[PDB]
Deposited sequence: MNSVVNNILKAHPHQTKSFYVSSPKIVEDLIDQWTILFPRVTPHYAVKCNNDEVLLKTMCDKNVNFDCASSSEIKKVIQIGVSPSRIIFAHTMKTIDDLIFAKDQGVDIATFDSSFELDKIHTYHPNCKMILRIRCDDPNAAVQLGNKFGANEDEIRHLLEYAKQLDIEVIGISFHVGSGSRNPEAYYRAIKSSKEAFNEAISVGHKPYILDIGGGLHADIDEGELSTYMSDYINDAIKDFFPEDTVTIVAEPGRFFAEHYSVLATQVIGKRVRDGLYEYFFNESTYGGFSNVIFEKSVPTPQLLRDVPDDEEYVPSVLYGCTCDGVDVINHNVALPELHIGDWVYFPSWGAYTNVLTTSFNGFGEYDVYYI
């Protein structure tokens, strides 16, 4: 990667903007690994994590399906040539006009957690196949979601009866434990709860066939080897949904998107005060680094410039380029001394990075280089 990025800069000596270096081959390899790790689980990629056109085309060609959250994301995936039949509108709150658009296009599987949402479906998308989303938190996930979405245990039967009353087909149950989860017990308990909800749906008169395990998993790699979350999920699947008549799906975002890209950024400013080395980059928490704010990320850059093995590290502060004092990429990191014009890159910067860009202060521009 160091050589690749150095070669890009040598080939484009005029490069000014920060830039993503993205590798479709990494994602293809991870898809092949998903298949080995989760042989029963069909991934519906969470488009919202990273909507890069090349990435979406990459998945499409590898028979990965899609999780879309809005009409705009539906449009993106259709434009790539994917069948609307491969999309789940896995957002429990959908506008009337997005629902009409979904129906027209052929996006006819969606999630819900409210009776008012069922009223909307009845009126505007009556044959949409519905997945009931239930609340099942991992208290240790980086990003929490349980208050805002998913049905409470006490309302599962009421929602299912209400759907039956409106002649709405409920074909499954989903959950999301939280984004950025490394708690395998959270998935186990969620799948157990899902089986209970599944049984309540049968009790009510539905004929459900989909377990949807949501997202939240990392593709954690130690020593070039993907760790096997998957083992415990597959065990819960076997314990609670052993029947081959059940279709299992997931909504992974970060699993595939995280390692897709690195982000290269330049030191554009410098200030040294009483032993502390402060640097300003042509990036910010309002650009590709919103994860610093929302996921408490503390990223360490890789220097493109070679330094000897015994280079002195100095205490460094990495600031974003905006006016704002909250916009700090890393408050304290030991690094070799950097200089205005030095390029660095942050590994594994493909998840919830480029999708969260703003043009605040007139910044936020970046280029993208493929392979």
query: Where the deposited sequence has no C-alpha coordinates (positions from 1, in order); finding: 229
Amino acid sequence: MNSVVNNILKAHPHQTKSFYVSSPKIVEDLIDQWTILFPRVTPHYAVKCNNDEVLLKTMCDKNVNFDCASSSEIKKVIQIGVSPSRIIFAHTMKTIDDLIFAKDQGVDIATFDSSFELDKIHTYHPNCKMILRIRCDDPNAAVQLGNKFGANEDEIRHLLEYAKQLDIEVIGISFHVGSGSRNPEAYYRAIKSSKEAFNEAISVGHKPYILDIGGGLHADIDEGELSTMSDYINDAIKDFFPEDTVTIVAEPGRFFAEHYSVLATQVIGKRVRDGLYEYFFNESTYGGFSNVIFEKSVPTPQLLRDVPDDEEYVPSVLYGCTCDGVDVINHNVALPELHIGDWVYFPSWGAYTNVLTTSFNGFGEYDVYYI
From here on, numbers count along this sequence of modelled residues.
property: Between the two ranges 291-299 and 68-76, the one averaging a larger CA B factor in the entry; result: 291-299
property: Mean temperature factor over C-alpha atoms, higher-scoring stretch between 263-271 and 241-249; result: 241-249
property: Residue, from 112, 89, 198, 255, that the PDB entry assigns the highest Cα B-factor; result: 198
property: Options 234, 95, 83, 181 - largest CA temperature factor per the record; result: 181
property: Third of the chain's Cα B-factor distribution that residue 105 belongs to, per the entry; result: lowest
property: Record-listed C-alpha B factor of residue 157: chain third; result: middle
property: Chain third (lowest, middle, highest) by recorded CA B-factor, residue given as residue 209; result: highest
property: Assigned third (lowest, middle, highest) for the C-alpha B factor of residue 119; result: lowest
property: Assigned third (lowest, middle, highest) for the C-alpha B factor of residue 9; result: middle
